[PDB]
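Data from data-v6.pdb: PDB, C-alpha atoms
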```pdb
ATOM      1  CA  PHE A   1       0.000   0.000   0.000
ATOM      2  CA  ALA A   2       1.663   3.168  -1.251
ATOM      3  CA  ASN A   3      -0.475   5.800   0.457
ATOM      4  CA  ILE A   4      -1.611   4.285   3.775
ATOM      5  CA  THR A   5       0.377   4.574   6.992
ATOM      6  CA  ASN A   6      -1.997   3.913   9.893
ATOM      7  CA  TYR A   7      -1.141   0.284  10.597
ATOM      8  CA  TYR A   8      -4.590  -0.549  11.948
ATOM      9  CA  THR A   9      -6.260   0.947   8.891
ATOM     10  CA  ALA A  10      -3.998  -1.020   6.583
ATOM     11  CA  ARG A  11      -4.827  -4.254   8.377
ATOM     12  CA  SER A  12      -8.556  -3.562   8.346
ATOM     13  CA  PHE A  13      -8.367  -2.921   4.605
ATOM     14  CA  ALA A  14      -6.302  -6.020   3.849
ATOM     15  CA  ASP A  15      -8.945  -8.061   5.647
ATOM     16  CA  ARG A  16     -11.418  -6.615   3.167
ATOM     17  CA  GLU A  17      -9.294  -7.662   0.225
ATOM     18  CA  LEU A  18      -8.884 -11.187   1.561
ATOM     19  CA  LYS A  19     -12.600 -11.633   2.192
ATOM     20  CA  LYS A  20     -13.429 -10.215  -1.229
ATOM     21  CA  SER A  21     -11.059 -12.658  -2.911
ATOM     22  CA  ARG A  22     -13.295 -15.560  -1.874
ATOM     23  CA  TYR A  23     -16.116 -14.234  -4.111
ATOM     24  CA  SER A  24     -14.833 -15.184  -7.545
ATOM     25  CA  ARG A  25     -18.045 -15.414  -9.588
ATOM     26  CA  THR A  26     -18.727 -13.088 -12.518
ATOM     27  CA  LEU A  27     -21.943 -12.971 -14.534
ATOM     28  CA  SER A  28     -22.897 -11.351 -17.850
ATOM     29  CA  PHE A  29     -26.185 -10.601 -19.598
ATOM     30  CA  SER A  30     -28.176  -7.950 -21.471
ATOM     31  CA  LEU A  31     -30.961  -5.576 -20.426
ATOM     32  CA  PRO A  32     -33.747  -3.716 -22.239
ATOM     33  CA  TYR A  33     -33.713   0.045 -22.433
ATOM     34  CA  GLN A  34     -36.046   0.757 -19.499
ATOM     35  CA  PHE A  35     -33.210  -0.021 -17.066
ATOM     36  CA  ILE A  36     -31.283   2.969 -18.381
ATOM     37  CA  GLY A  37     -29.161   4.915 -15.912
ATOM     38  CA  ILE A  38     -27.151   2.021 -14.490
ATOM     39  CA  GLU A  39     -23.499   2.593 -13.615
ATOM     40  CA  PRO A  40     -20.554   0.607 -12.281
ATOM     41  CA  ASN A  41     -20.769  -0.106  -8.556
ATOM     42  CA  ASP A  42     -24.522  -0.041  -8.527
ATOM     43  CA  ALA A  43     -25.933  -2.777  -6.301
ATOM     44  CA  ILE A  44     -28.038  -5.466  -7.960
ATOM     45  CA  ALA A  45     -30.090  -8.151  -6.288
ATOM     46  CA  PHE A  46     -30.584 -11.015  -8.737
ATOM     47  CA  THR A  47     -33.381 -13.552  -8.482
ATOM     48  CA  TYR A  48     -33.600 -16.764 -10.492
ATOM     49  CA  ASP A  49     -35.331 -19.832  -9.111
ATOM     50  CA  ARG A  50     -33.696 -22.536 -11.233
ATOM     51  CA  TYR A  51     -30.283 -21.704  -9.787
ATOM     52  CA  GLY A  52     -31.718 -21.221  -6.307
ATOM     53  CA  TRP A  53     -30.510 -17.627  -6.321
ATOM     54  CA  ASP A  54     -32.700 -15.347  -4.242
ATOM     55  CA  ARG A  55     -31.739 -11.680  -3.920
ATOM     56  CA  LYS A  56     -28.215 -12.824  -4.700
ATOM     57  CA  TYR A  57     -26.085  -9.714  -4.279
ATOM     58  CA  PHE A  58     -23.814  -8.300  -6.979
ATOM     59  CA  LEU A  59     -22.051  -5.116  -7.975
ATOM     60  CA  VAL A  60     -22.186  -3.839 -11.537
ATOM     61  CA  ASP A  61     -18.669  -3.950 -12.950
ATOM     62  CA  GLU A  62     -18.939  -3.160 -16.672
ATOM     63  CA  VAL A  63     -21.493  -1.387 -18.847
ATOM     64  CA  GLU A  64     -21.970  -0.717 -22.548
ATOM     65  CA  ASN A  65     -24.619   1.632 -23.880
ATOM     66  CA  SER A  66     -25.789   1.534 -27.476
ATOM     67  CA  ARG A  67     -27.598   3.784 -29.916
ATOM     68  CA  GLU A  68     -30.565   1.457 -29.945
ATOM     69  CA  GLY A  69     -30.758   1.336 -26.166
ATOM     70  CA  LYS A  70     -29.974  -2.295 -25.489
ATOM     71  CA  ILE A  71     -27.678  -2.501 -22.477
ATOM     72  CA  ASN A  72     -25.087  -5.196 -21.892
ATOM     73  CA  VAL A  73     -23.857  -5.664 -18.322
ATOM     74  CA  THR A  74     -21.510  -7.700 -16.192
ATOM     75  CA  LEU A  75     -21.865  -8.342 -12.458
ATOM     76  CA  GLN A  76     -19.299  -9.339  -9.834
ATOM     77  CA  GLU A  77     -20.416 -11.239  -6.742
ATOM     78  CA  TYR A  78     -19.834  -9.899  -3.242
ATOM     79  CA  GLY A  79     -21.034 -10.818   0.209
ATOM     80  CA  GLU A  80     -22.005  -8.479   3.025
ATOM     81  CA  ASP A  81     -19.163  -9.707   5.241
ATOM     82  CA  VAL A  82     -16.640  -8.136   2.865
ATOM     83  CA  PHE A  83     -17.290  -4.802   4.562
ATOM     84  CA  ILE A  84     -16.937  -5.876   8.207
ATOM     85  CA  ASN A  85     -13.650  -6.047  10.104
ATOM     86  CA  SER A  86     -12.780  -8.225  13.069
ATOM     87  CA  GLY A  87     -11.296  -6.939  16.263
ATOM     88  CA  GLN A  88      -7.616  -6.073  16.412
ATOM     89  CA  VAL A  89      -4.952  -5.664  19.088
ATOM     90  CA  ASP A  90      -2.750  -2.754  20.181
ATOM     91  CA  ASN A  91       0.467  -2.861  18.126
ATOM     92  CA  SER A  92       2.316  -0.165  20.136
ATOM     93  CA  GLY A  93       4.978  -2.592  21.376
ATOM     94  CA  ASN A  94       7.206  -2.360  18.283
ATOM     95  CA  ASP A  95       7.712   1.371  17.525
ATOM     96  CA  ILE A  96      11.346   0.782  16.523
ATOM     97  CA  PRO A  97      13.336   4.076  16.463
ATOM     98  CA  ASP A  98      15.758   3.664  13.547
ATOM     99  CA  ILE A  99      18.418   6.058  14.819
ATOM    100  CA  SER A 100      21.682   6.097  12.871
ATOM    101  CA  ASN A 101      24.427   8.499  11.801
ATOM    102  CA  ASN A 102      25.173   9.633  15.332
ATOM    103  CA  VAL A 103      28.088   9.417  17.748
ATOM    104  CA  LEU A 104      27.633   8.582  21.399
ATOM    105  CA  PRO A 105      28.850  11.264  23.814
ATOM    106  CA  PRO A 106      31.476  10.708  26.494
TER     107      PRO A 106
ATOM    108  CA  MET B   1     -40.684  16.216 -66.167
ATOM    109  CA  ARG B   2     -43.246  13.441 -66.284
ATOM    110  CA  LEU B   3     -42.435   9.921 -67.219
ATOM    111  CA  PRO B   4     -44.189   9.717 -70.608
ATOM    112  CA  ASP B   5     -47.371   7.691 -70.647
ATOM    113  CA  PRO B   6     -50.555   7.093 -72.653
ATOM    114  CA  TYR B   7     -52.197  10.195 -71.211
ATOM    115  CA  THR B   8     -49.286  12.274 -72.456
ATOM    116  CA  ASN B   9     -48.755  10.111 -75.554
ATOM    117  CA  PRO B  10     -51.841   8.061 -76.420
ATOM    118  CA  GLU B  11     -50.189   7.123 -79.708
ATOM    119  CA  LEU B  12     -47.468   5.217 -77.835
ATOM    120  CA  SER B  13     -49.724   2.958 -75.814
ATOM    121  CA  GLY B  14     -46.960   0.425 -75.225
ATOM    122  CA  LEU B  15     -45.685   2.848 -72.609
ATOM    123  CA  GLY B  16     -48.635   1.934 -70.394
ATOM    124  CA  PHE B  17     -47.256   0.142 -67.365
ATOM    125  CA  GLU B  18     -47.936  -3.553 -67.632
ATOM    126  CA  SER B  19     -48.127  -3.746 -63.847
ATOM    127  CA  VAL B  20     -46.877  -1.602 -60.986
ATOM    128  CA  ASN B  21     -45.716  -2.470 -57.492
ATOM    129  CA  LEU B  22     -45.861   0.058 -54.661
ATOM    130  CA  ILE B  23     -43.773  -0.732 -51.579
ATOM    131  CA  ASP B  24     -43.636   1.009 -48.235
ATOM    132  CA  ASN B  25     -40.188   0.910 -46.676
ATOM    133  CA  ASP B  26     -40.301   1.594 -42.925
ATOM    134  CA  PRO B  27     -36.827   0.797 -41.583
ATOM    135  CA  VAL B  28     -37.166  -0.304 -37.975
ATOM    136  CA  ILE B  29     -35.155  -2.206 -35.382
ATOM    137  CA  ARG B  30     -37.069  -4.785 -33.376
ATOM    138  CA  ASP B  31     -36.593  -7.588 -30.880
ATOM    139  CA  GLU B  32     -38.640 -10.278 -29.153
ATOM    140  CA  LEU B  33     -38.433 -10.539 -25.434
ATOM    141  CA  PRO B  34     -38.530 -13.902 -23.614
ATOM    142  CA  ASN B  35     -41.623 -12.755 -21.729
ATOM    143  CA  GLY B  36     -43.289 -12.475 -25.122
ATOM    144  CA  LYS B  37     -43.269  -8.709 -25.429
ATOM    145  CA  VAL B  38     -42.311  -7.124 -28.725
ATOM    146  CA  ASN B  39     -40.376  -3.857 -28.652
ATOM    147  CA  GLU B  40     -39.418  -1.673 -31.592
ATOM    148  CA  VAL B  41     -37.611   1.603 -32.199
ATOM    149  CA  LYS B  42     -37.951   3.877 -35.214
ATOM    150  CA  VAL B  43     -35.258   5.951 -36.900
ATOM    151  CA  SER B  44     -34.724   7.103 -40.471
ATOM    152  CA  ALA B  45     -37.385   8.053 -42.984
ATOM    153  CA  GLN B  46     -40.121   5.991 -44.460
ATOM    154  CA  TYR B  47     -39.931   5.992 -48.207
ATOM    155  CA  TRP B  48     -41.993   4.832 -51.142
ATOM    156  CA  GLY B  49     -40.461   2.426 -53.623
ATOM    157  CA  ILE B  50     -42.017   1.713 -57.007
ATOM    158  CA  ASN B  51     -41.319  -1.014 -59.522
ATOM    159  CA  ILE B  52     -42.397  -0.773 -63.161
ATOM    160  CA  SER B  53     -42.322  -3.329 -65.957
ATOM    161  CA  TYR B  54     -42.835  -2.832 -69.685
ATOM    162  CA  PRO B  55     -43.764  -5.165 -72.535
ATOM    163  CA  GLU B  56     -41.902  -5.529 -75.796
ATOM    164  CA  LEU B  57     -41.212  -2.096 -77.262
ATOM    165  CA  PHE B  58     -41.070  -0.802 -80.797
ATOM    166  CA  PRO B  59     -38.193   1.486 -81.801
ATOM    167  CA  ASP B  60     -40.112   4.779 -81.826
ATOM    168  CA  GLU B  61     -41.593   4.632 -78.334
ATOM    169  CA  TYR B  62     -38.285   3.217 -77.159
ATOM    170  CA  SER B  63     -36.411   6.169 -78.606
ATOM    171  CA  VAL B  64     -38.823   8.479 -76.798
ATOM    172  CA  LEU B  65     -38.045   6.683 -73.569
ATOM    173  CA  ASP B  66     -34.291   6.870 -74.053
ATOM    174  CA  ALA B  67     -34.548  10.535 -75.050
ATOM    175  CA  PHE B  68     -36.200  11.095 -71.699
ATOM    176  CA  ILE B  69     -33.914   8.987 -69.522
ATOM    177  CA  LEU B  70     -30.718  10.437 -70.943
ATOM    178  CA  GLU B  71     -32.040  13.949 -70.465
ATOM    179  CA  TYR B  72     -32.634  13.065 -66.830
ATOM    180  CA  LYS B  73     -29.135  11.637 -66.471
ATOM    181  CA  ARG B  74     -27.498  14.661 -68.077
ATOM    182  CA  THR B  75     -29.452  17.182 -66.017
ATOM    183  CA  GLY B  76     -29.376  15.308 -62.713
ATOM    184  CA  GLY B  77     -32.949  16.402 -62.068
ATOM    185  CA  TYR B  78     -35.895  14.373 -60.798
ATOM    186  CA  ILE B  79     -38.403  11.976 -62.334
ATOM    187  CA  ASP B  80     -42.045  12.885 -61.747
ATOM    188  CA  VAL B  81     -44.547  10.013 -61.674
ATOM    189  CA  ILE B  82     -48.338   9.765 -61.823
ATOM    190  CA  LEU B  83     -50.138   6.716 -60.407
ATOM    191  CA  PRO B  84     -53.476   6.108 -62.100
ATOM    192  CA  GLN B  85     -55.260   4.007 -59.476
ATOM    193  CA  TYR B  86     -55.551   7.079 -57.234
ATOM    194  CA  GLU B  87     -56.798   9.399 -60.000
ATOM    195  CA  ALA B  88     -60.156  10.379 -58.559
ATOM    196  CA  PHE B  89     -61.352  13.957 -58.159
ATOM    197  CA  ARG B  90     -63.594  13.422 -55.096
ATOM    198  CA  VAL B  91     -62.431  16.763 -53.572
ATOM    199  CA  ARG B  92     -62.485  20.092 -55.391
ATOM    200  CA  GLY B  93     -62.740  23.845 -54.839
ATOM    201  CA  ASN B  94     -60.445  26.802 -54.197
ATOM    202  CA  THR B  95     -57.693  24.871 -52.464
ATOM    203  CA  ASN B  96     -55.524  28.023 -52.320
ATOM    204  CA  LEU B  97     -58.114  29.731 -50.119
ATOM    205  CA  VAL B  98     -57.701  27.212 -47.290
ATOM    206  CA  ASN B  99     -55.844  28.270 -44.145
ATOM    207  CA  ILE B 100     -53.571  25.847 -42.305
ATOM    208  CA  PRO B 101     -52.418  27.203 -38.932
ATOM    209  CA  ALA B 102     -48.691  27.263 -38.332
ATOM    210  CA  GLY B 103     -46.999  25.004 -35.814
ATOM    211  CA  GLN B 104     -48.904  21.838 -36.584
ATOM    212  CA  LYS B 105     -46.479  18.944 -36.325
ATOM    213  CA  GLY B 106     -46.707  15.276 -35.830
ATOM    214  CA  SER B 107     -49.278  13.183 -37.534
ATOM    215  CA  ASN B 108     -52.521  15.173 -37.196
ATOM    216  CA  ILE B 109     -53.537  18.071 -39.414
ATOM    217  CA  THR B 110     -56.442  20.381 -38.739
ATOM    218  CA  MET B 111     -57.729  22.807 -41.350
ATOM    219  CA  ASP B 112     -60.199  25.617 -41.729
ATOM    220  CA  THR B 113     -61.911  24.818 -45.006
ATOM    221  CA  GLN B 114     -63.884  28.048 -44.584
ATOM    222  CA  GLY B 115     -66.815  26.137 -46.093
ATOM    223  CA  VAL B 116     -65.051  26.338 -49.441
ATOM    224  CA  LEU B 117     -64.329  22.729 -50.353
ATOM    225  CA  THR B 118     -66.912  20.283 -51.629
ATOM    226  CA  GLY B 119     -66.780  16.544 -51.230
ATOM    227  CA  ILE B 120     -64.641  14.685 -48.739
ATOM    228  CA  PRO B 121     -61.455  12.665 -48.736
ATOM    229  CA  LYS B 122     -61.486   8.936 -48.149
ATOM    230  CA  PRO B 123     -59.100   6.636 -46.299
ATOM    231  CA  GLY B 124     -56.406   5.617 -48.732
ATOM    232  CA  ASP B 125     -56.452   8.869 -50.632
ATOM    233  CA  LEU B 126     -53.128  10.479 -51.356
ATOM    234  CA  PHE B 127     -52.385  13.844 -49.811
ATOM    235  CA  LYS B 128     -49.630  16.387 -50.274
ATOM    236  CA  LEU B 129     -48.525  19.741 -48.926
ATOM    237  CA  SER B 130     -48.070  22.423 -51.532
ATOM    238  CA  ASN B 131     -44.558  23.488 -50.501
ATOM    239  CA  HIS B 132     -43.011  20.073 -50.063
ATOM    240  CA  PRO B 133     -42.593  17.099 -52.410
ATOM    241  CA  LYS B 134     -43.618  14.448 -49.889
ATOM    242  CA  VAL B 135     -46.598  12.195 -50.521
ATOM    243  CA  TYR B 136     -48.663  11.121 -47.517
ATOM    244  CA  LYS B 137     -51.627   8.767 -47.231
ATOM    245  CA  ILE B 138     -54.910   9.394 -45.410
ATOM    246  CA  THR B 139     -55.598   7.081 -42.489
ATOM    247  CA  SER B 140     -58.684   8.883 -41.236
ATOM    248  CA  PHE B 141     -60.771  12.032 -41.517
ATOM    249  CA  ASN B 142     -63.303  14.028 -39.508
ATOM    250  CA  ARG B 143     -65.528  17.089 -39.860
ATOM    251  CA  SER B 144     -66.863  19.706 -37.484
ATOM    252  CA  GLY B 145     -68.505  21.891 -40.098
ATOM    253  CA  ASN B 146     -65.868  23.990 -41.828
ATOM    254  CA  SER B 147     -63.120  22.580 -39.635
ATOM    255  CA  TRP B 148     -61.559  19.385 -40.899
ATOM    256  CA  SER B 149     -58.996  17.097 -39.400
ATOM    257  CA  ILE B 150     -57.023  14.263 -40.924
ATOM    258  CA  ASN B 151     -54.614  11.786 -39.394
ATOM    259  CA  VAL B 152     -51.881  11.004 -41.849
ATOM    260  CA  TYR B 153     -49.120   8.464 -42.426
ATOM    261  CA  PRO B 154     -46.140   8.684 -42.352
ATOM    262  CA  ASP B 155     -45.486  11.320 -39.729
ATOM    263  CA  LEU B 156     -44.940  14.834 -41.041
ATOM    264  CA  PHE B 157     -41.440  15.662 -42.223
ATOM    265  CA  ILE B 158     -41.891  19.389 -41.502
ATOM    266  CA  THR B 159     -43.337  21.900 -39.115
ATOM    267  CA  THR B 160     -46.098  23.965 -40.693
ATOM    268  CA  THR B 161     -45.134  27.578 -41.374
ATOM    269  CA  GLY B 162     -48.737  28.605 -42.031
ATOM    270  CA  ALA B 163     -47.982  29.173 -45.728
ATOM    271  CA  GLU B 164     -48.714  25.570 -46.700
ATOM    272  CA  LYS B 165     -51.731  24.550 -48.708
ATOM    273  CA  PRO B 166     -53.201  21.067 -49.103
ATOM    274  CA  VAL B 167     -53.147  19.325 -52.460
ATOM    275  CA  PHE B 168     -55.736  16.607 -53.079
ATOM    276  CA  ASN B 169     -55.400  16.293 -56.867
ATOM    277  CA  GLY B 170     -52.707  15.562 -59.416
ATOM    278  CA  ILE B 171     -50.157  14.351 -56.887
ATOM    279  CA  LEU B 172     -46.905  13.303 -58.557
ATOM    280  CA  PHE B 173     -44.162  11.385 -56.808
ATOM    281  CA  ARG B 174     -40.668  12.858 -57.183
ATOM    282  CA  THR B 175     -38.163  10.055 -57.604
ATOM    283  CA  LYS B 176     -34.820   8.979 -59.013
ATOM    284  CA  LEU B 177     -33.573   5.828 -60.701
ATOM    285  CA  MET B 178     -31.642   3.575 -58.336
ATOM    286  CA  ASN B 179     -31.427   0.923 -61.069
ATOM    287  CA  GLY B 180     -29.927   3.418 -63.479
ATOM    288  CA  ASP B 181     -26.222   2.719 -62.929
ATOM    289  CA  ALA B 182     -26.302  -0.410 -65.134
ATOM    290  CA  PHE B 183     -29.168   0.410 -67.479
ATOM    291  CA  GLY B 184     -29.423  -0.983 -70.992
ATOM    292  CA  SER B 185     -31.685  -2.529 -73.612
ATOM    293  CA  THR B 186     -31.576  -5.868 -75.369
ATOM    294  CA  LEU B 187     -32.323  -5.681 -79.086
ATOM    295  CA  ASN B 188     -33.804  -8.832 -80.658
ATOM    296  CA  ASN B 189     -33.793  -9.569 -84.380
ATOM    297  CA  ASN B 190     -37.548  -8.993 -84.418
ATOM    298  CA  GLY B 191     -36.523  -5.354 -84.421
ATOM    299  CA  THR B 192     -37.998  -4.933 -80.948
ATOM    300  CA  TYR B 193     -36.446  -3.992 -77.632
ATOM    301  CA  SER B 194     -37.056  -6.128 -74.573
ATOM    302  CA  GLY B 195     -36.349  -6.632 -70.892
ATOM    303  CA  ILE B 196     -36.851  -3.048 -69.747
ATOM    304  CA  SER B 197     -37.854  -2.463 -66.146
ATOM    305  CA  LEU B 198     -37.482   0.377 -63.665
ATOM    306  CA  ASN B 199     -36.889   0.507 -59.921
ATOM    307  CA  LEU B 200     -37.649   3.923 -58.436
ATOM    308  CA  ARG B 201     -37.240   5.295 -54.878
ATOM    309  CA  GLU B 202     -38.766   8.631 -53.922
ATOM    310  CA  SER B 203     -36.313  11.399 -53.111
ATOM    311  CA  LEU B 204     -36.970  14.772 -51.604
TER     312      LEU B 204
END
```
This structure in structure tokens:
Amino acid sequence: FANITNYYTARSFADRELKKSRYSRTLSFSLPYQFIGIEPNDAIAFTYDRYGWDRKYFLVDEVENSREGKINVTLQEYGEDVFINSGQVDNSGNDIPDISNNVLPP
Amino acid sequence: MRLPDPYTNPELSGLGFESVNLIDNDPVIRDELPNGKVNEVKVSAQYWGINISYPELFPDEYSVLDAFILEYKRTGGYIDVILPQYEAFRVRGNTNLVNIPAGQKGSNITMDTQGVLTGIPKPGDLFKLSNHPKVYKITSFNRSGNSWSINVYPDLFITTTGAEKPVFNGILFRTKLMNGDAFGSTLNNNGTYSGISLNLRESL
């Protein structure tokens, strides 16, 4: 992480990335024009009985508009638990002071 | 610049169309939905296509045809066409006294006939606006005394300025020859030309 320095924040974010990585599924289909106005990172609940899916939760990940109006989309699965962190523990015991380039006094 | 015909040239009766085919072209994009809905979207103009066929032709009437077609090609003008099946004068009067209000648009026209006209249009009549070459077709008509209204297909290609006048009679299509880029006539040893046909598409 290039831009993060609060250790606890970095850990809490890495936990997100790990949990997310369990949800591999990606799904693609096409929509009629009335669903216009969709964007990436809109939240879809998908329902389809044959697969047993029931408000199965997805984020919109790619979109393509057309002159006719037909919309193609792709969804990426996520769970809710992606966004929840565990507890953590105080890391203050290892604040190593990297002093160098100094000469001890008499 | 009429396509010559028996009415213009009764002596050359062979020029009477053997049969004519009128086609509507209404380009549209359409799909069928798995729930059994049909959905369709319209863009681009409707246009009339016409196909004409001729019998065997003698050299004189043929030469008159070629003398026309080459004049058209040289000038780059338009071909005017009459269509006899619609030649009925069921509406007449001082057409140029009618007032059409400005700003009518879309598919309904209303007119003040001022009590001038006599007779009525019928569904399937042709109809035209005096300042524009388009040909429309009457779907429906109504009266309220001097006021008339007509619903017309296709949709209007212009907004009314208020200078327009209706034209119920003598409507000619204005067209050009999409077949014309490879035109030519067989000559048989009978001394008679054969195999002529024309494909026309209106143009504005």
task = Would you kindly translate the PyMOL selection byres ((chain A and resi 89) around 12) into the concrete residues it picks from this file, as a list in words?
result =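 Applying the expression gives residues 7, 8, 11, 12, 86, 87, 88, 90, 91, 92 and 93 of chain A.
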Test item: axis-aligned box, all listed atoms of segment 2-19 of chain A, 5 Å on each side, centre and edges in Å rounded to one decimal, as lines of an AutoDock Vina configuration file:
```
center_x = -5.5
center_y = -2.9
center_z = 5.3
size_x = 24.3
size_y = 27.4
size_z = 23.2
```
request  = Find the residues around residue 29 of chain B up to 9 Å (all atoms listed in the file counted), leave out those fewer than 4 positions away in its own chain, and share them as a VMD selection string.
outcome  = (chain A and resid 68) or (chain B and resid 39 to 43)
Those same residues - C-alpha atoms - I'd like them written as a PDB file, in the frame of the given file.
```pdb
ATOM      1  CA  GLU A  68     -30.565   1.457 -29.945  1.00  0.00           C
TER       2      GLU A  68
ATOM      3  CA  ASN B  39     -40.376  -3.857 -28.652  1.00  0.00           C
ATOM      4  CA  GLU B  40     -39.418  -1.673 -31.592  1.00  0.00           C
ATOM      5  CA  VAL B  41     -37.611   1.603 -32.199  1.00  0.00           C
ATOM      6  CA  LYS B  42     -37.951   3.877 -35.214  1.00  0.00           C
ATOM      7  CA  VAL B  43     -35.258   5.951 -36.900  1.00  0.00           C
TER       8      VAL B  43
END
```
Test item: chain A residues at most 10 Å from chain B, counting all atoms listed in the file, as an MDAnalysis selection string = chainID A and resid 32:33 68:69
inquiry  = Applying 6 Å and all atoms listed in the file, which residues near segment 97-103 of chain B remain after dropping the ones on its own chain fewer than 2 positions away? List them as a PyMOL selection string.
reply    = chain B and resi 94-95+111-113+159-162
Output of the PyMOL selection byres ((chain A and resi 42) around 6), listed as a PyMOL selection string = chain A and resi 39-41+43+59-60
request  = Taking the file as shown, find all residues satisfying the PyMOL selection byres ((chain B and resi 193) around 12) and write them as a ChimeraX atom specification.
outcome  = /B:14,54-63,65-66,184-192,194-197
request  = List the neighbours of segment 144-151 of chain B out to 12 Å using only C-alpha atoms; skip same-chain residues closer than 4 positions along the sequence, and give me the result as a ChimeraX atom specification.
outcome  = /B:98-101,104-127,136-140,155-156,166
ask   = Could you work out how far atom CA of residue 44 of chain A lies from atom CA of residue 75 of chain A, giving the answer in Å with one decimal?
value =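 Value for the atom CA of residue 75 of chain A-atom CA of residue 44 of chain A distance: 8.2 Å.
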